[PDB]
Amino acid sequence: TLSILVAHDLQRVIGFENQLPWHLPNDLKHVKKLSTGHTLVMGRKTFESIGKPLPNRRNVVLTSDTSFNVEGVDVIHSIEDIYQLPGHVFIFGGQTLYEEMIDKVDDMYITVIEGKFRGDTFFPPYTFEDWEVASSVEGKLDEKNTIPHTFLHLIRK
Ligand SMILES: NC(=O)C1=CN([C@@H]2O[C@H](COP(=O)(O)OP(=O)(O)OC[C@H]3O[C@@H](n4cnc5c(N)ncnc54)[C@H](OP(=O)(O)O)[C@@H]3O)[C@@H](O)[C@H]2O)C=CC1
Ligand SMILES: COc1cc(-c2ccccc2)cc([C@@H](C)C#Cc2c(C)nc(N)nc2N)c1
């Protein structure tokens, strides 16, 4: 099973200066819950923006760097390698990986952040003509999560 897992704003911003532009604990929980016991595949820049693997799942980094070696991280050097990974694989970012994979994934788990942030990296345009809304769930707005957000599960028609 091949899924995208992304959070993007109203204009599809996903990043600014190698960080996420917003702080949303609800979405971090969502990510942890969805991907625990499974596999994350991410581009080299995305990995480096955090610098350590997320515990309790497989962390896979795509890079052309033949020297890349990080404890608790598995390395791949081709998009083709993704299809050989067993289990439920989540494409975890960043822009380059999403652009390469959006036409290939079975489904998408998207957190829509209902704001407009300054960004330098974007999720690719997509249309609901191509995607069924399996579920759409409003996130809870509170003191620690103060940006409205909606968890979408989209399945390719
Ligand atoms: N809001 C969200 O849900 C998320 C946001 N982000 C954000 O995304 C931004 C980073 O995105 P971006 O700059 O696109 O970087 P990526 O994380 O997509 O990393 C790009 C790198 O991945 C490697 N790579 C990608 N495709 C291939 C390939 N086909 N073969 C070999 N290597 C490949 C290359 O590494 P190398 O150069 O080493 O060869 C490349 O430079 C950050 O701001 C981050 O915060 C990231 C994840 C989620
Ligand atoms: C090094 O590997 C990473 C680990 C994390 C992470 C670390 C702690 C808690 C949750 C996620 C985040 C990332 C970033 C780049 C991401 C993401 C992401 C988020 C925060 N939300 C959704 N909905 N999708 C994503 N791909 C990379």
# chains A, B, ... in the order shown; residues from 1 in each chain; ligands from 1
call {"tool": "residues_near_ligand", "arguments": {"ligand": "ligand 1", "cutoff": "9 Å", "atoms": "only C-alpha atoms and all ligand atoms", "output": "number ranges by chain"}}
result
A: 5-9, 12-22, 42-50, 61-66, 68, 76-80, 91-100, 110-111, 119-123
call {"tool": "select_by_dssp", "arguments": {"residues": "segment 46-155 of chain A", "states": "alpha helix (DSSP H)", "output": "mmCIF file with N, CA and C atoms, in the first residue's frame"}}
result
data_model
loop_
_atom_site.group_PDB
_atom_site.id
_atom_site.type_symbol
_atom_site.label_atom_id
_atom_site.label_comp_id
_atom_site.auth_asym_id
_atom_site.auth_seq_id
_atom_site.Cartn_x
_atom_site.Cartn_y
_atom_site.Cartn_z
ATOM 1 N N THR A 46 14.135 16.778 3.776
ATOM 2 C CA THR A 46 13.144 16.522 4.800
ATOM 3 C C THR A 46 13.765 15.810 6.006
ATOM 4 N N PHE A 47 14.545 14.761 5.750
ATOM 5 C CA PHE A 47 15.181 14.080 6.853
ATOM 6 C C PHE A 47 16.097 15.000 7.659
ATOM 7 N N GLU A 48 16.946 15.734 6.948
ATOM 8 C CA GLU A 48 17.910 16.622 7.595
ATOM 9 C C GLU A 48 17.274 17.758 8.377
ATOM 10 N N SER A 49 16.056 18.154 7.999
ATOM 11 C CA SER A 49 15.361 19.219 8.710
ATOM 12 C C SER A 49 15.007 18.785 10.137
ATOM 13 N N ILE A 50 14.948 17.471 10.357
ATOM 14 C CA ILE A 50 14.669 16.920 11.689
ATOM 15 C C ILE A 50 15.921 16.297 12.315
ATOM 16 N N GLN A 95 8.717 18.524 -1.094
ATOM 17 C CA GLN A 95 8.124 18.888 -2.386
ATOM 18 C C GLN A 95 8.554 17.973 -3.527
ATOM 19 N N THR A 96 9.855 17.706 -3.616
ATOM 20 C CA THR A 96 10.378 16.909 -4.721
ATOM 21 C C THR A 96 9.764 15.503 -4.718
ATOM 22 N N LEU A 97 9.770 14.852 -3.560
ATOM 23 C CA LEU A 97 9.173 13.523 -3.433
ATOM 24 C C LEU A 97 7.686 13.531 -3.794
ATOM 25 N N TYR A 98 6.926 14.493 -3.268
ATOM 26 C CA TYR A 98 5.500 14.587 -3.641
ATOM 27 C C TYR A 98 5.280 14.736 -5.154
ATOM 28 N N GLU A 99 6.065 15.598 -5.798
ATOM 29 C CA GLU A 99 5.971 15.805 -7.238
ATOM 30 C C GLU A 99 6.244 14.504 -7.989
ATOM 31 N N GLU A 100 7.221 13.742 -7.512
ATOM 32 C CA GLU A 100 7.573 12.481 -8.146
ATOM 33 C C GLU A 100 6.554 11.356 -7.910
ATOM 34 N N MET A 101 5.768 11.452 -6.839
ATOM 35 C CA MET A 101 4.939 10.322 -6.388
ATOM 36 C C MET A 101 3.431 10.528 -6.468
#
call {"tool": "residues_around", "arguments": {"residues": "residue 89 of chain A", "least_positions_apart": "4", "cutoff": "8 Å", "atoms": "only C-alpha atoms", "output": "list in words"}}
result
residues 1, 2, 3, 38, 39, 40, 41 and 85 of chain A
call {"tool": "write_last_selection", "arguments": {"atoms": "N, CA, C and O atoms", "output": "PDB file, in the first residue's frame"}}
result
ATOM      1  N   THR A   1       0.885  -1.204   0.000  1.00  0.00           N
ATOM      2  CA  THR A   1       0.000   0.000   0.000  1.00  0.00           C
ATOM      3  C   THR A   1       0.905   1.232   0.000  1.00  0.00           C
ATOM      4  O   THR A   1       1.822   1.320   0.812  1.00  0.00           O
ATOM      5  N   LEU A   2       0.635   2.160  -0.914  1.00  0.00           N
ATOM      6  CA  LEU A   2       1.431   3.380  -1.060  1.00  0.00           C
ATOM      7  C   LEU A   2       0.549   4.618  -0.863  1.00  0.00           C
ATOM      8  O   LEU A   2      -0.398   4.848  -1.627  1.00  0.00           O
ATOM      9  N   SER A   3       0.878   5.399   0.160  1.00  0.00           N
ATOM     10  CA  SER A   3       0.066   6.572   0.542  1.00  0.00           C
ATOM     11  C   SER A   3       0.947   7.804   0.646  1.00  0.00           C
ATOM     12  O   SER A   3       2.108   7.694   1.016  1.00  0.00           O
ATOM     13  N   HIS A  38       4.766   1.154  10.645  1.00  0.00           N
ATOM     14  CA  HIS A  38       4.797   1.140   9.185  1.00  0.00           C
ATOM     15  C   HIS A  38       6.108   1.752   8.663  1.00  0.00           C
ATOM     16  O   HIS A  38       7.126   1.697   9.356  1.00  0.00           O
ATOM     17  N   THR A  39       6.092   2.306   7.455  1.00  0.00           N
ATOM     18  CA  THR A  39       7.305   2.853   6.838  1.00  0.00           C
ATOM     19  C   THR A  39       7.064   4.267   6.336  1.00  0.00           C
ATOM     20  O   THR A  39       6.049   4.530   5.697  1.00  0.00           O
ATOM     21  N   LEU A  40       8.003   5.154   6.651  1.00  0.00           N
ATOM     22  CA  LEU A  40       8.053   6.498   6.077  1.00  0.00           C
ATOM     23  C   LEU A  40       9.174   6.545   5.042  1.00  0.00           C
ATOM     24  O   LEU A  40      10.278   6.037   5.290  1.00  0.00           O
ATOM     25  N   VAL A  41       8.881   7.131   3.881  1.00  0.00           N
ATOM     26  CA  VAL A  41       9.898   7.409   2.862  1.00  0.00           C
ATOM     27  C   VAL A  41       9.953   8.906   2.684  1.00  0.00           C
ATOM     28  O   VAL A  41       8.932   9.542   2.443  1.00  0.00           O
ATOM     29  N   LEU A  85       9.688  -1.827  -1.162  1.00  0.00           N
ATOM     30  CA  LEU A  85       9.488  -1.777   0.279  1.00  0.00           C
ATOM     31  C   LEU A  85       8.188  -2.493   0.661  1.00  0.00           C
ATOM     32  O   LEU A  85       7.143  -2.236   0.056  1.00  0.00           O
TER      33      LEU A  85
END
call {"tool": "select_by_dssp", "arguments": {"residues": "segment 98-142 of chain A", "states": "strand (DSSP E or B)", "output": "PyMOL selection string"}}
result
chain A and resi 107-113+121-122+131-138
call {"tool": "residues_around", "arguments": {"residues": "segment 130-140 of chain A", "least_positions_apart": "3", "cutoff": "8 Å", "atoms": "only C-alpha atoms", "output": "list in words"}}
result
residues 26, 126, 127, 145, 148, 149, 150, 151, 152, 153, 154, 155, 156 and 157 of chain A
call {"tool": "atom_distance", "arguments": {"atom1": "atom CA of residue 112 of chain A", "atom2": "atom CA of residue 143 of chain A"}}
result
18.8 Å
call {"tool": "residues_around", "arguments": {"residues": "residue 144 of chain A", "least_positions_apart": "4", "cutoff": "9 Å", "atoms": "only C-alpha atoms", "output": "PDB file with N, CA, C and O atoms, in the first residue's frame"}}
result
ATOM      1  N   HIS A  23       2.844  25.297  13.952  1.00  0.00           N
ATOM      2  CA  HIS A  23       3.006  24.313  15.021  1.00  0.00           C
ATOM      3  C   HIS A  23       1.652  23.742  15.438  1.00  0.00           C
ATOM      4  O   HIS A  23       0.805  24.452  15.994  1.00  0.00           O
ATOM      5  N   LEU A  24       1.450  22.462  15.155  1.00  0.00           N
ATOM      6  CA  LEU A  24       0.149  21.831  15.355  1.00  0.00           C
ATOM      7  C   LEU A  24       0.287  20.439  15.968  1.00  0.00           C
ATOM      8  O   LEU A  24       0.392  19.452  15.238  1.00  0.00           O
ATOM      9  N   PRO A  25       0.309  20.350  17.322  1.00  0.00           N
ATOM     10  CA  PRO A  25       0.434  19.045  17.979  1.00  0.00           C
ATOM     11  C   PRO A  25      -0.586  18.010  17.528  1.00  0.00           C
ATOM     12  O   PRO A  25      -0.230  16.833  17.416  1.00  0.00           O
ATOM     13  N   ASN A  26      -1.825  18.426  17.260  1.00  0.00           N
ATOM     14  CA  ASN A  26      -2.846  17.495  16.756  1.00  0.00           C
ATOM     15  C   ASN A  26      -2.379  16.754  15.498  1.00  0.00           C
ATOM     16  O   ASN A  26      -2.666  15.562  15.320  1.00  0.00           O
TER      17      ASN A  26
END
call {"tool": "closest_residue", "arguments": {"among": "A:108, A:88, A:103, A:81", "to": "ligand 2", "atoms": "only C-alpha atoms and all ligand atoms"}}
result
A:108
call {"tool": "atom_distance", "arguments": {"atom1": "atom 7 (C, counted along the ligand's line) of ligand 2", "atom2": "atom CA of residue 11 of chain A"}}
result
23.3 Å
call {"tool": "atom_distance", "arguments": {"atom1": "atom CA of residue 30 of chain A", "atom2": "atom CA of residue 51 of chain A"}}
result
20.4 Å
call {"tool": "closest_residue", "arguments": {"among": "A:28, A:147, A:141, A:113", "to": "ligand 2", "atoms": "only C-alpha atoms and all ligand atoms"}}
result
A:28
call {"tool": "closest_residue", "arguments": {"among": "A:104, A:116, A:29, A:58", "to": "ligand 2", "atoms": "only C-alpha atoms and all ligand atoms"}}
result
A:29
call {"tool": "closest_residue", "arguments": {"among": "A:32, A:59, A:54, A:87", "to": "residue 75 of chain A", "atoms": "only C-alpha atoms"}}
result
A:59
call {"tool": "closest_residue", "arguments": {"among": "A:107, A:102, A:90, A:55", "to": "residue 73 of chain A", "atoms": "only C-alpha atoms"}}
result
A:55
call {"tool": "closest_residue", "arguments": {"among": "A:114, A:71, A:27, A:106", "to": "ligand 2", "atoms": "only C-alpha atoms and all ligand atoms"}}
result
A:27
